[PDB]
Structures are given as C-alpha cells and as structure tokens.
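I have placed the structure first, in the form of structure tokens, so that the comments after it can refer back to it.
Residue numbers (our numbering): 687 to 960.
Spelled out as structure tokens, the structure:
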C-alpha cells in the first residue's frame, strides 16, 4: 500500500530520536553460517520488544571486503524496527552483477527464515516490504536490484558500477550516499551519473558527504564516524518513509536544507515524493 497502510511503529519521531546511538528497540543477533546457499553467510539483527511484522533489509559489502565493513548498519537499523541482515559475499572478487544476485539470494533466504520453526525472526517479517543496501560494488548491486522493482527502498553507499544507462529502469526510491574525496569510486564517474540516470519521477536523493573518502557512508563504532548522524537521520528516515510508508519521517528527507549540515557537501533530490 502507499498511504495510511498501518505499518507505522514507535513514537512520532524527532531529530534527537533519529540521532541517538540506538533506536527505541533492543537488538539481538543470529548467526548465518557461510555454508548458506546463495551468499557467504552473515548476521541477522532484530528488535526484541516489538509487535507486528516489519520490513526486511539486507546490507552487502564491496570488493575484497568483509561484512564487518558495513555491519554498523545492522544494529543501527534493527533498533528502529527492522529485520536487518548484514551479509558476506561468496568471493571478495565478486563484481556488481554477482553482488546483486547475492542480494536477491539473501532476500530469498530471509523470506525462507520467516517461515522457519528454527529462526528467531519466524513470523516477524512482512515479506513484501524489502530493502537493500550496499557499499561500492555492493552499491552497484543495490542499484541493479533497484531496477527489478521487488525492493521498495535502495540505499547505495559509495556505489561502484561500470554501466550507468542500466539505471534508467530505477522506479524504486533510491538514496545514494556519496563521498566527496572518493578515489576508489570517483563521484564524477559513479555516484553522480547513477543518480542522474534515475528518472526524475522516481523518489531519489543524492547526499554527498563533506570531505569523506570511500568508506565515509559505512558508519563506525569508533575510528572515523563523523557522519553517523547524517547516516542515521537520513538513512533511517528514508527506510521508515519508503518501507513503512511512514509519513511522520518525511520531515527529515523533504523540507530541510541539507547543505546547511556541516557533513553534507552537496544534496540533490526530487522532493516532493508522491
């Protein structure tokens, strides 16, 4: 459904809530062995004190990178009312197109586990409200999955891919995080043309972060992590807005002056959405 569908959860939000180190819920974890079919294992994060179903999200890493490179997003998102699996790839050599098939395989796995007597998330997932996230080549895999129209939200992080024309099929709400000093996936050859290739009719957002390099959109529990608040405020809201059709989180994506944030170097968007 697109409006007043009854997927909303938690309080009416504010900025202090969004930028807290955790959402209103408590986080647990369930291991996925690397023997899992379709990807190289992961960790499932879930709230403990909620009711009702919730959207599923999968987060994939980039080239020769372990799941831990993006695993900050697992707890940060689960604590706001999501089921969130951070995954590892079959091989660190996997290129965008493989990383997209593994996105879909890990979404398929999550759907299977929602029906598994042995899963801590059995009956906790609405298997129609799915989101994807990815760093670098996994950010290209995210954009590729955003062309299929199964997922209702995509957040690429420092995306890397090779062809940009394929993204004119993207009708899925996509928020691309970019890093201004990205030498690995240069903005001007990657994030920038991927955003531009998305139709203006699609709800989309380009949030370039100020001064940061290739890992600036991954979050961090210690070293780095000056971007945690833009990531938390805009990422959680984007997922709350488009996975939970929760208009109460519209005010943080459409309405503010984003470049006024010291951490935001360039914002582009298509506000208003619907």
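All C-beta atoms, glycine included, are put in the ideal place defined by N, C-alpha and C.
Below 9 Å between beta carbons: does that hold for residue i and residue j?
i: residue 722; j: residue 729; result: no
i: residue 822; j: residue 783; result: no
i: residue 923; j: residue 699; result: yes
i: residue 965; j: residue 866; result: Coverage of the chain is limited to positions 687 through 960, which leaves residue 965 absent and any answer about it impossible.
i: residue 856; j: residue 885; result: yes
i: residue 724; j: residue 786; result: no
i: residue 889; j: residue 860; result: yes
i: residue 820; j: residue 826; result: yes
i: residue 720; j: residue 727; result: yes
Which of helix, strand or coil does DSSP assign to residue i?
i: residue 810; result: coil
i: residue 792; result: helix
i: residue 948; result: coil
i: residue 860; result: strand
i: residue 797; result: helix
i: residue 817; result: strand
Excluding five sequence neighbours on each side, which residues of the same chain lie with their C-beta closer than 7 Å to the C-beta of residue i?
i: residue 810; result: 732, 739, 740, 769, 800
i: residue 947; result: 916
i: residue 736; result: 695, 711, 767
i: residue 760; result: 729, 731, 745, 770, 772
i: residue 824; result: 746, 747, 748, 785
Starting from the C-beta of residue i, find all residues in its chain whose C-beta is less than 6 Å away, skip the five residues before and the five after it, and write them out in chain order.
i: residue 892; result: 862, 881, 954
i: residue 765; result: 708, 709, 711, 713
i: residue 935; result: 699, 923, 926, 927
Please return the same chain residues whose Cβ sits closer than 8 Å to the Cβ of residue i, not counting the five positions on each side in sequence.
i: residue 900; result: 822, 844, 865, 868, 869, 870, 871
* To do: Report yes or no: do the segment 811-820 and the segment 779-799 share at least 3 C-beta pairs separated by less than 8 Å?
  => Taking one beta carbon from each stretch, the segment 811-820 and the segment 779-799 have 3 or more pairs nearer than 8 Å; the two touch.
* Examine the Cβ distances between the segment 824-840 and the segment 927-941 and report whether three or more of them are shorter than 8 Å. => yes
* Asked: What residue ranges within the segment 701-788 form continuous alpha helix (DSSP H) runs of no fewer than 4 residues, ordered along the chain?
  -> 701-705, 759-764
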